[PDB]
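Enquirer: Dropping a structure here in structure tokens format, bear with me for questions.
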Amino acid sequence: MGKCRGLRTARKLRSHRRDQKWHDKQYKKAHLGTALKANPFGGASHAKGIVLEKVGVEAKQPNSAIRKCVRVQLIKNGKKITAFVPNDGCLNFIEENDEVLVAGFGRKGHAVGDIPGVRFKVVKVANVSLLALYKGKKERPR
Amino acid sequence: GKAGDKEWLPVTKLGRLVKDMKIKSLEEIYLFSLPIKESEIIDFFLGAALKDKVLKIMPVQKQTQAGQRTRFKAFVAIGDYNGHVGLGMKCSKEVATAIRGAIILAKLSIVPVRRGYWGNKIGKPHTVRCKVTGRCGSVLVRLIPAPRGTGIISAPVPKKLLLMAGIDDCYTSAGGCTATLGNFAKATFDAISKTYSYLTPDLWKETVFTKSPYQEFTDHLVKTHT
Amino acid sequence: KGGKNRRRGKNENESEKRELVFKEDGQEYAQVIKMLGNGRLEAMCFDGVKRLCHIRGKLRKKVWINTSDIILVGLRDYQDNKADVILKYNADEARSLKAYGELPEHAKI
Amino acid sequence: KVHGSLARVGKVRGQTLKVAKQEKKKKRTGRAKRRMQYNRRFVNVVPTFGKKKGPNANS
RNA sequence: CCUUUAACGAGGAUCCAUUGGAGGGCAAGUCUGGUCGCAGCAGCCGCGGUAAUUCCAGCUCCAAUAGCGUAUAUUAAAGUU
RNA sequence: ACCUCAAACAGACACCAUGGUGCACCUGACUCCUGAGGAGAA
């Protein structure tokens, strides 16, 4: 309520809504494309890179742990992304200066859990999954 | 070994007329809009079709200089599948006592519902007569009539109450904070009340103003009875 | 602290004294260089390599590690620059270790 | 204690015992798996006074 | 290839159903062993500081099923355009 | 003088800062029949 309800006010409605839609956060990222330019991804679900070097990443309080991530440079941008490594002992199955395949966490822009500064994780080392390396139904191909 | 109950000696006038069995239905009581002040009156007319469905058992607690003190507050629904439902809240120090306090209170607050048809008749009403609402502090419900066999299309909370009411078909929609279910269920119950308090063209013919049971059966009550 | 209260709801204490791992493989003795804030801290290892030390759970606010003094540090399996604190000692324990001739004889307390 | 640093990975998984008791018994599929599920829950017919039991209880 | 037809072709040990989960949201363990704020889990809320219903394993149980999980775009949920 | 109206009214202030940390859901409603013929006797 508190607004026009004319019969010839189609212009004053459809131009107002087209302006006040930009104050929404979601809409403003989709249509400016500043999302694409700023992201290390092109909007692609995955991406591929080459390892730079292992790191240890401290946890946010209350939790205290060391989380053993990696840091990676990409093939098609040359810029750098810091990527989590999953389950116990899977760090060892990643060896420095090889290729890897990365993927987002599942929150689509934001850092997940108690680990800060990480927005990406790792899925395949070299056409072989972290699962089959971990479980033992496959072996290192080298 | 030793046998025989003796339970329920009325201290209430209305209770005594039921115990002597000169009031033959609850429908007389509701027509004069009397209070019901005892929980055995209802449990005399019914008691072999009333089920209970304990919704939530919620803690609350205040603060004092010795720390916390917690009391348990539970909601308990009640209704037979012929048109009578009720609802009650109660709190107590412990759990079982609060539940049993609510099963009493819900019987006390029991009311009838009015059921109606969609757009045509084939006997036995299956849905709500008219499109009504009911609000309890920023929660509201919009019970909308529905055709046969659609089922009750609602959230889990009102689906209890409406199913016990015998209202088998309904469309609904909520507005506001339904997370705090104490509002949500009381607002549903509010809506279900309004069904006989909504004027329809059927009811436009004038009532005959028949004399009250209080008046007619007063002859037995001139002894010492109150 | 200077007495106070609310310091007994929780497990007094103390070090009933005790004894004495080392080094182990990537798990060796260092000396505090500085004393940063936030939480982390600096500590040069006794071998010659520098490193930056990090605090460990529990030892958080359960044990204060003033500036200057020996302390037990694990090395990260892969990382050089950052390393991970363990198990501190006592100043008496550190001078007994020095007298034994197991850590290098270079730092004073 | 913890000795040989606490940054070490493979720790918990490389010091646990590994045991098994792999099946000889073949489990059912498709139709019959639903048949047993129907009978074992509803058509037995066991249920008694109000209880919390669940369909599992190794307590 | 399919359909149609000879001749061989089922005793459950193999002519082998998997993919996820069991603290709450949300259907299913306050079982046993190991680890002890370490290693890890955790969309979210939170689990681990020697008695872990949440970690690593065993057993059991639950869901869907020749399919199931994960990442990303997008709609419904949103009367939060 | 005494004697003849009838309402309330204490007053000004030096200084005085800061507290190593890890606590507190594991919460539900059909049961009594113990005994009595018992016990002595049996």
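Here's how to read the names in the structure tokens: chain A, B, ... by the order shown, residue numbers from 1 in each chain, ligand numbers from 1 in the order shown.
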Counting only C-alpha atoms (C1' of nucleotides), which residues of chain D come no farther than 6 Å from chain E, as an MDAnalysis selection string?

Expert: chainID D and resid 6 11:13 16 56 58:59

Enquirer: Please identify which residues in region 93-187 of chain B DSSP calls strand (DSSP E or B) from the backbone, and express them as a PDB file with C-alpha atoms, in the first residue's frame.

Expert:
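Saved as out_35.pdb:
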```pdb
ATOM      1  CA  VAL B 111     -15.330 -26.761  21.177  1.00  0.00           C
ATOM      2  CA  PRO B 112     -17.256 -27.943  18.088  1.00  0.00           C
ATOM      3  CA  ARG B 115     -17.970 -28.319   8.328  1.00  0.00           C
ATOM      4  CA  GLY B 116     -19.404 -27.570   4.911  1.00  0.00           C
ATOM      5  CA  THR B 127     -14.161 -29.301   4.322  1.00  0.00           C
ATOM      6  CA  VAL B 128     -14.581 -25.826   5.855  1.00  0.00           C
ATOM      7  CA  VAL B 132     -11.668 -17.765   7.499  1.00  0.00           C
ATOM      8  CA  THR B 133      -8.522 -16.674   9.307  1.00  0.00           C
ATOM      9  CA  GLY B 134      -7.236 -16.594  12.879  1.00  0.00           C
ATOM     10  CA  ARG B 135      -4.350 -14.622  14.342  1.00  0.00           C
ATOM     11  CA  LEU B 140      -2.055 -16.054  11.007  1.00  0.00           C
ATOM     12  CA  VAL B 141      -3.537 -18.844   8.955  1.00  0.00           C
ATOM     13  CA  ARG B 142      -5.888 -18.616   5.985  1.00  0.00           C
ATOM     14  CA  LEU B 143      -8.016 -21.779   5.942  1.00  0.00           C
ATOM     15  CA  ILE B 144      -9.380 -21.982   2.365  1.00  0.00           C
ATOM     16  CA  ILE B 152      -5.016 -31.633   4.130  1.00  0.00           C
ATOM     17  CA  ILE B 153      -2.326 -29.500   2.516  1.00  0.00           C
ATOM     18  CA  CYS B 170      -8.259 -27.828   3.150  1.00  0.00           C
ATOM     19  CA  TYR B 171      -5.818 -25.400   1.557  1.00  0.00           C
ATOM     20  CA  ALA B 174       0.778 -19.008   6.773  1.00  0.00           C
ATOM     21  CA  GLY B 175       2.249 -15.579   7.357  1.00  0.00           C
TER      22      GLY B 175
END
```

Enquirer: Near region 30-38 of chain D, counting only C-alpha atoms (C1' of nucleotides), which residues have an atom at most 12 Å away, once you skip same-chain residues fewer than 2 positions from it, shown as a PyMOL selection string?

Expert: (chain D and resi 26-28+40-45+55) or (chain E and resi 17+62+64-66)

Enquirer: In Å, rounded to a single decimal, give me how far CA of residue 80 (chain A) is from CA of residue 48 (chain A).

Expert: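 Answer for the CA of residue 48 (chain A) to CA of residue 80 (chain A) separation: 11.4 Å.
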
Enquirer: Once you count only C-alpha atoms, what closest atom pair and distance in Å to one decimal does each residue of chain C within 7 Å of chain D have, with rows by chain and rising residue number, as a tab-separated table?

Expert:
```
residue	atom	partner	partner_atom	distance
C:24	CA	D:4	CA	5.6
C:25	CA	D:4	CA	5.6
C:26	CA	D:4	CA	6.2
C:27	CA	D:4	CA	5.5
C:74	CA	D:5	CA	4.5
C:75	CA	D:5	CA	6.3
C:76	CA	D:7	CA	5.3
C:77	CA	D:8	CA	6.0
```

Enquirer: Could you write those residues out with N, CA, C and O atoms, as a PDB file, in the first residue's frame?

Expert:
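Below is the file that was written, result_29.pdb:
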```
ATOM      1  N   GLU C  24      62.130 -35.302  18.975  1.00  0.00           N
ATOM      2  CA  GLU C  24      62.489 -36.552  18.317  1.00  0.00           C
ATOM      3  C   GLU C  24      62.763 -36.235  16.845  1.00  0.00           C
ATOM      4  O   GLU C  24      63.248 -35.144  16.512  1.00  0.00           O
ATOM      5  N   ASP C  25      62.502 -37.170  15.908  1.00  0.00           N
ATOM      6  CA  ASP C  25      62.500 -36.916  14.476  1.00  0.00           C
ATOM      7  C   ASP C  25      61.541 -35.767  14.110  1.00  0.00           C
ATOM      8  O   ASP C  25      60.319 -35.869  14.209  1.00  0.00           O
ATOM      9  N   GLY C  26      62.127 -34.592  13.765  1.00  0.00           N
ATOM     10  CA  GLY C  26      61.388 -33.370  13.478  1.00  0.00           C
ATOM     11  C   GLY C  26      60.665 -32.809  14.674  1.00  0.00           C
ATOM     12  O   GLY C  26      59.562 -32.298  14.569  1.00  0.00           O
ATOM     13  N   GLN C  27      61.275 -32.936  15.863  1.00  0.00           N
ATOM     14  CA  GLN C  27      60.620 -32.615  17.110  1.00  0.00           C
ATOM     15  C   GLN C  27      61.658 -32.213  18.149  1.00  0.00           C
ATOM     16  O   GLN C  27      62.039 -33.006  19.007  1.00  0.00           O
ATOM     17  N   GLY C  74      57.911 -29.208  17.467  1.00  0.00           N
ATOM     18  CA  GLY C  74      57.759 -30.037  16.288  1.00  0.00           C
ATOM     19  C   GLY C  74      57.891 -29.227  15.037  1.00  0.00           C
ATOM     20  O   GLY C  74      57.477 -28.075  14.937  1.00  0.00           O
ATOM     21  N   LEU C  75      58.484 -29.828  14.013  1.00  0.00           N
ATOM     22  CA  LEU C  75      58.554 -29.239  12.710  1.00  0.00           C
ATOM     23  C   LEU C  75      57.405 -29.771  11.890  1.00  0.00           C
ATOM     24  O   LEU C  75      57.037 -30.942  11.969  1.00  0.00           O
ATOM     25  N   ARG C  76      56.781 -28.912  11.063  1.00  0.00           N
ATOM     26  CA  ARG C  76      55.770 -29.357  10.141  1.00  0.00           C
ATOM     27  C   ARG C  76      56.357 -30.322   9.109  1.00  0.00           C
ATOM     28  O   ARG C  76      57.424 -30.054   8.575  1.00  0.00           O
ATOM     29  N   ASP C  77      55.668 -31.434   8.764  1.00  0.00           N
ATOM     30  CA  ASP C  77      56.151 -32.485   7.879  1.00  0.00           C
ATOM     31  C   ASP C  77      56.647 -31.996   6.488  1.00  0.00           C
ATOM     32  O   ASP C  77      57.566 -32.518   5.881  1.00  0.00           O
TER      33      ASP C  77
END
```

Enquirer: Which residues are near residue 103 (chain B)? Cut-off 8 Å, only C-alpha atoms (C1' of nucleotides), ignore same chain within fewer than 4 positions. Put them as a PyMOL selection string.

Expert: chain B and resi 52+76-78+88+99+107

Enquirer: Keeping only N, CA and C atoms, write the selected residues to a file as a PDB file, in the first residue's frame.

Expert:
```pdb
ATOM      1  N   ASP B  52      -5.111 -38.105  22.360  1.00  0.00           N
ATOM      2  CA  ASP B  52      -4.292 -36.951  22.650  1.00  0.00           C
ATOM      3  C   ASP B  52      -3.064 -37.066  21.805  1.00  0.00           C
ATOM      4  N   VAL B  76      -0.704 -29.965  24.445  1.00  0.00           N
ATOM      5  CA  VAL B  76      -1.321 -31.252  24.265  1.00  0.00           C
ATOM      6  C   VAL B  76      -2.615 -30.966  23.565  1.00  0.00           C
ATOM      7  N   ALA B  77      -2.856 -31.687  22.446  1.00  0.00           N
ATOM      8  CA  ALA B  77      -4.015 -31.548  21.603  1.00  0.00           C
ATOM      9  C   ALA B  77      -4.974 -32.631  21.998  1.00  0.00           C
ATOM     10  N   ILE B  78      -6.256 -32.511  21.587  1.00  0.00           N
ATOM     11  CA  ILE B  78      -7.259 -33.488  21.937  1.00  0.00           C
ATOM     12  C   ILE B  78      -8.370 -33.364  20.937  1.00  0.00           C
ATOM     13  N   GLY B  88      -4.482 -27.219  24.810  1.00  0.00           N
ATOM     14  CA  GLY B  88      -4.215 -26.722  26.139  1.00  0.00           C
ATOM     15  C   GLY B  88      -2.742 -26.573  26.311  1.00  0.00           C
ATOM     16  N   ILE B  99       2.071 -32.570  31.751  1.00  0.00           N
ATOM     17  CA  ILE B  99       1.337 -33.260  30.705  1.00  0.00           C
ATOM     18  C   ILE B  99      -0.064 -33.586  31.161  1.00  0.00           C
ATOM     19  N   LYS B 107      -9.456 -30.839  27.594  1.00  0.00           N
ATOM     20  CA  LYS B 107     -10.825 -31.320  27.650  1.00  0.00           C
ATOM     21  C   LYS B 107     -11.793 -30.231  28.032  1.00  0.00           C
TER      22      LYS B 107
END
```

Enquirer: How many Å lie between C1' of residue 74 (chain E) and CA of residue 110 (chain A), rounded to one decimal?

Expert: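 CA of residue 110 (chain A) lies at a distance of 19.5 Å from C1' of residue 74 (chain E).
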
Enquirer: Give the residues of chain F that lie within 9 Å of chain D; count only C-alpha atoms (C1' of nucleotides), and format the answer as a ChimeraX atom specification.

Expert: /F:28-30

Enquirer: Considering only C-alpha atoms (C1' of nucleotides), give me a table of residues in chain C that are at most 7 Å from chain F, with the closest atom pair and distance in Å for each, as JSON lines.

Expert:
```
{"residue": "C:1", "atom": "CA", "partner": "F:20", "partner_atom": "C1'", "distance": 6.9}
{"residue": "C:61", "atom": "CA", "partner": "F:21", "partner_atom": "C1'", "distance": 4.9}
{"residue": "C:62", "atom": "CA", "partner": "F:21", "partner_atom": "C1'", "distance": 6.9}
```

Enquirer: Taking N, CA, C and O atoms for each residue, export the selection above as a JSON list (two decimals), in the first residue's frame.

Expert:
```json
[["chain", "number", "residue", "atom", "x", "y", "z"],
["C", 1, "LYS", "N", 49.02, -14.91, 38.77],
["C", 1, "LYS", "CA", 48.11, -13.85, 39.19],
["C", 1, "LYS", "C", 48.31, -13.50, 40.66],
["C", 1, "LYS", "O", 49.12, -14.12, 41.35],
["C", 61, "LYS", "N", 46.11, -21.04, 27.17],
["C", 61, "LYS", "CA", 46.09, -20.21, 28.36],
["C", 61, "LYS", "C", 46.31, -21.03, 29.62],
["C", 61, "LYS", "O", 45.91, -20.64, 30.71],
["C", 62, "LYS", "N", 46.96, -22.18, 29.46],
["C", 62, "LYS", "CA", 47.24, -23.07, 30.58],
["C", 62, "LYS", "C", 48.72, -23.02, 30.97],
["C", 62, "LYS", "O", 49.12, -23.56, 32.00]]
```

Enquirer: Please determine, counting only C-alpha atoms, which residue among A:40, A:91, A:107, A:18 has the shortest atom-to-atom distance to residue 74 (chain A).

Expert: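 Answer, going by the shortest atom-to-atom distance: A:40.
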
Enquirer: Taking only C-alpha atoms into account, which of A:130, A:88, A:44, A:2 comes nearest residue 76 (chain A)?

Expert: A:44

Enquirer: With only C-alpha atoms (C1' of nucleotides) considered, list every residue of chain A at most 7 Å from chain E, as a ChimeraX atom specification.

Expert: /A:21,44-46,64,88,103-104,106-107

Enquirer: Pull N, CA, C and O atoms from the residues just selected and write them as a JSON list (two decimals), in the first residue's frame.

Expert:
```
[["chain", "number", "residue", "atom", "x", "y", "z"],
["A", 21, "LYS", "N", 15.25, -3.18, -7.98],
["A", 21, "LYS", "CA", 15.77, -4.52, -8.06],
["A", 21, "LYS", "C", 17.27, -4.57, -7.90],
["A", 21, "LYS", "O", 17.81, -5.61, -7.53],
["A", 44, "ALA", "N", 32.95, -21.72, -14.46],
["A", 44, "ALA", "CA", 33.08, -23.14, -14.63],
["A", 44, "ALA", "C", 33.03, -23.82, -13.29],
["A", 44, "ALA", "O", 33.48, -23.26, -12.29],
["A", 45, "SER", "N", 32.45, -25.04, -13.24],
["A", 45, "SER", "CA", 32.26, -25.80, -12.04],
["A", 45, "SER", "C", 33.57, -26.21, -11.40],
["A", 45, "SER", "O", 33.69, -26.22, -10.18],
["A", 46, "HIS", "N", 34.56, -26.57, -12.23],
["A", 46, "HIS", "CA", 35.87, -26.99, -11.79],
["A", 46, "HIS", "C", 36.87, -26.12, -12.49],
["A", 46, "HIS", "O", 36.51, -25.14, -13.15],
["A", 64, "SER", "N", 40.89, -25.82, 17.51],
["A", 64, "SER", "CA", 42.30, -25.70, 17.25],
["A", 64, "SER", "C", 42.73, -26.95, 16.56],
["A", 64, "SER", "O", 42.60, -28.05, 17.11],
["A", 88, "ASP", "N", 42.23, -37.82, 6.08],
["A", 88, "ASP", "CA", 43.51, -38.13, 6.67],
["A", 88, "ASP", "C", 44.44, -38.87, 5.72],
["A", 88, "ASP", "O", 44.06, -39.88, 5.12],
["A", 103, "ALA", "N", 37.70, -27.45, -7.07],
["A", 103, "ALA", "CA", 36.26, -27.43, -7.03],
["A", 103, "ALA", "C", 35.92, -26.62, -5.82],
["A", 103, "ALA", "O", 36.69, -26.60, -4.86],
["A", 104, "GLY", "N", 34.75, -25.93, -5.83],
["A", 104, "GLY", "CA", 34.29, -25.14, -4.72],
["A", 104, "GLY", "C", 33.79, -26.02, -3.61],
["A", 104, "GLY", "O", 33.55, -27.21, -3.82],
["A", 106, "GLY", "N", 30.84, -25.81, -1.78],
["A", 106, "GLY", "CA", 29.44, -26.06, -1.59],
["A", 106, "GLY", "C", 28.79, -24.97, -0.79],
["A", 106, "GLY", "O", 27.83, -25.23, -0.07],
["A", 107, "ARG", "N", 29.32, -23.73, -0.87],
["A", 107, "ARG", "CA", 28.65, -22.59, -0.27],
["A", 107, "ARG", "C", 28.70, -21.44, -1.24],
["A", 107, "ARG", "O", 28.05, -20.42, -1.04]]
```

Enquirer: Only residues of chain C matter here; which ones have an atom within 10 Å of chain A, counting only C-alpha atoms? Give them as a PyMOL selection string.

Expert: chain C and resi 54-58+60+76-84

Enquirer: For the residues in that selection, give me N, CA, C and O atoms as a compact mmCIF listing (two decimals), in the first residue's frame.

Expert:
```txt
# COMPACT_ATOMS: atom_id res chain seq x y z
N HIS C 54 54.56 -21.81 16.47
CA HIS C 54 53.12 -21.66 16.69
C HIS C 54 52.68 -22.39 17.96
O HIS C 54 53.17 -23.48 18.26
N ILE C 55 51.75 -21.79 18.69
CA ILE C 55 51.25 -22.39 19.92
C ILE C 55 50.41 -23.63 19.63
O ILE C 55 49.97 -23.83 18.50
N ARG C 56 50.19 -24.45 20.65
CA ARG C 56 49.41 -25.67 20.50
C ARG C 56 48.25 -25.70 21.49
O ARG C 56 48.31 -25.09 22.55
N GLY C 57 47.20 -26.43 21.13
CA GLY C 57 46.03 -26.54 21.98
C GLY C 57 46.41 -26.81 23.42
O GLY C 57 47.53 -27.24 23.71
N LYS C 58 45.48 -26.56 24.34
CA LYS C 58 45.73 -26.78 25.76
C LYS C 58 46.74 -25.77 26.30
O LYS C 58 46.38 -24.90 27.09
N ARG C 60 47.53 -23.32 25.41
CA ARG C 60 47.04 -21.97 25.13
C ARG C 60 47.15 -21.05 26.34
O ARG C 60 48.15 -20.37 26.53
N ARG C 76 56.78 -28.91 11.06
CA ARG C 76 55.77 -29.36 10.14
C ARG C 76 56.36 -30.32 9.11
O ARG C 76 57.42 -30.05 8.57
N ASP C 77 55.67 -31.43 8.76
CA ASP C 77 56.15 -32.49 7.88
C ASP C 77 56.65 -32.00 6.49
O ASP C 77 57.57 -32.52 5.88
N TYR C 78 56.04 -30.88 6.02
CA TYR C 78 56.29 -30.32 4.71
C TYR C 78 56.72 -28.86 4.76
O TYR C 78 57.37 -28.36 3.85
N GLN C 79 56.35 -28.09 5.82
CA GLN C 79 56.59 -26.65 5.82
C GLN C 79 57.87 -26.26 6.54
O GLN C 79 58.16 -26.76 7.62
N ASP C 80 58.67 -25.35 5.94
CA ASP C 80 59.94 -24.91 6.47
C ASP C 80 59.81 -23.69 7.39
O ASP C 80 60.17 -23.71 8.57
N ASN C 81 59.23 -22.59 6.85
CA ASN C 81 59.16 -21.31 7.52
C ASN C 81 58.36 -21.31 8.83
O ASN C 81 58.77 -20.73 9.83
N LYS C 82 57.18 -21.97 8.84
CA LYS C 82 56.35 -22.11 10.03
C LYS C 82 56.57 -23.46 10.69
O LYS C 82 56.59 -24.49 10.01
N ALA C 83 56.67 -23.50 12.03
CA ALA C 83 56.84 -24.71 12.80
C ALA C 83 55.90 -24.70 14.00
O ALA C 83 55.27 -23.68 14.30
N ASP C 84 55.71 -25.84 14.69
CA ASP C 84 54.66 -26.04 15.67
C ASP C 84 55.19 -26.41 17.06
O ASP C 84 55.83 -27.42 17.31
```

Enquirer: Could you tell me how far CA of residue 69 (chain A) lies from CA of residue 95 (chain A), in Å and to one decimal?

Expert: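 Between these atoms lies a distance of 12.4 Å.
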
Enquirer: Run DSSP on the backbone and tell me which residues of chain B come out as helix (DSSP H, G or I); list them as number ranges by chain.

Expert: B: 13-19, 26-31, 42-45, 95-108, 156-165, 181-196, 201-204, 213-216, 218-221
